[PDB]
Amino acid sequence: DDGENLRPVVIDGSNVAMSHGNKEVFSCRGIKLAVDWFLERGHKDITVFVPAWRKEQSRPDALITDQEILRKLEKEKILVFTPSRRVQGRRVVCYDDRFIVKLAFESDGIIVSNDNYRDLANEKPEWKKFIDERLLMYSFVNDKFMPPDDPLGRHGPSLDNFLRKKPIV
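The residue numbering used throughout counts from 1 along each chain in the order its sequence is written. It may not match the entry numbering, and residues with no coordinates are not shown. Only hydrogens and water are set aside when side-chain values are computed; all heavy atoms of the structure are taken into account. Residues with missing side-chain atoms are left out of burial classes, side-chain pairs and their counts.

- Its PDB header attributes the entry to X-ray crystallography and lists the resolution as 1.9400 Å.

- If you look the protein up in the PDB entry, it shows as Probable ribonuclease ZC3H12C from Mus musculus.
- Under its PDB header, the title given for this structure is "Crystal structure of ZC3H12C PIN domain".

What follows is the structure in structure tokens.
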């Protein structure tokens, strides 16, 4: 009764925020737009990973817009901050790519990102296979989040079936 035939969705928050932000600004609205696109379809299991330091105030070398969105998505049990802290004045950021891939793999889900995570794929063959079969790339056209209807190409599933556990034929 609550989207149990839908795959868990794991979103690369930084990838999406930078993409909506035209690669120069961390645009939190982009994360909201991606999230909302899945909610509108009945997805209940959605996780967005973002490094903790993105909570810090906007600065010239790390511009960010609509930052309050992050706390709101966290309050909705959708966004999860991954670890970061300063050590000897240097920001040390745990690799969130690893959180993204591990969570999607272990929950048998889908990854929303334009990043192909080749370093991680080259680390473990089961992850390479998984990323090959479960990556959902996308385009933004202004505020319009547009995933492809043919996410794995001409010989792959429809987008509708790609997001289901059991496909509909």
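**Focus on the packing of helix 4 (residues 96-106) against helix 6 (residues 125-134)**
- As a packed pair, helix 4 and helix 6 sit with axes 11 Å apart at the nearest point and diverge in direction by 80°. The angle between the axes of helix 4 and helix 6 places the two elements in the roughly perpendicular class. Of helix 6, the residues touching helix 4 (which contributes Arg98, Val101, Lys102, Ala104 and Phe105) are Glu126, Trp127, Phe130 and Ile131.
- Any residue outside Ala, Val, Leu, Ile, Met, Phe, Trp, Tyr, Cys, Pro, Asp, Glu, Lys and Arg is labelled polar, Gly included; the first ten of those are nonpolar and the last four are charged. Across the contact of helix 4 with helix 6, the residue classes tally to six nonpolar, no polar and three charged. Interaxial angles span 0 to 180 degrees and are taken between N-to-C directions of axes, which are lines fitted to C-alpha atoms, for helices over the stretch in contact. Starting at the N terminus, helices and strands are each numbered in turn, a helix being any DSSP run of H or I of at least four residues and a strand any DSSP run of E of at least two. Throughout this description, any angle smaller than 35 degrees is read as roughly parallel, any larger than 145 degrees as roughly antiparallel, any in the 65 to 115 degree range as roughly perpendicular, and the remainder as oblique. By definition in these notes, contact holds between two residues if any of their heavy atoms fall within 4.5 Å.

**A closer look at the UniProt feature "domain: RNase NYN" in the protein**
- Summarizing the sequence annotation, UniProt attributes the feature "domain: RNase NYN" to residues 6-161 in the numbering used throughout.
- Along residues 6-161 the backbone is 38% helical and 24% strand, and the end-to-end C-alpha distance reaches 9 Å. UniProt positions are given in the numbering used here, feature names are shortened, and annotations may be inferred rather than shown by experiment.

**Considering unusual backbone geometry**
- Positive phi is not limited to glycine here, since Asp66 has a value of about 55°.
- Here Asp66 shows up in the loop between strand 4 (64-65) and helix 3 (68-75).
- For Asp108, which is not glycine, the phi torsion reads 55° and is therefore positive.
- For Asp108, the location among the structural elements is in the loop between helix 4 and strand 8 (110-112).
- The cut-offs for exposure are 20% and 50% of the maximum accessible area for each residue type, with area from a 1.4 Å probe on protein chains only; residues under the lower value are buried, those over the upper are exposed, and the others partly exposed. You can call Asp108 partly exposed: its relative accessible area is 40%.

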